[PDB]
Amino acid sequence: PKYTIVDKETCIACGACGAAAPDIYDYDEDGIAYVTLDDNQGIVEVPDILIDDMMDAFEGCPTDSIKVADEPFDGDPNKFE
């Protein structure tokens, strides 16, 4: 299974991830990216049909703020860092 989350401290709100994977990433009230699947908690398995879009967003994030793992983040974008 794959999980994903945005590090809100490092996101620079550059527009890339919503363009790459709009069914995974959008922008909060402040304009900062977040994962819509689970409100940035890193607890909903990414649907099969969205995995390729996830990969595009992951590689295309300039600050490496988008995280991907085989394990839930449960609210901590830095669980694996």
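Note that residue numbering begins at 1 and tracks the sequence as displayed.
- Within the listed group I66, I24, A19, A69, the record reports its top CA B-factor for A19.
- When the modelled residues of the chain are ordered by their C-alpha B factor, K8 lands in the highest third.
- In the deposited entry, the Cα temperature factor of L37 places it in the lowest third of its chain's modelled residues.
- Annotation for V46: CA B-factor lies in the middle third of the chain's modelled residues.
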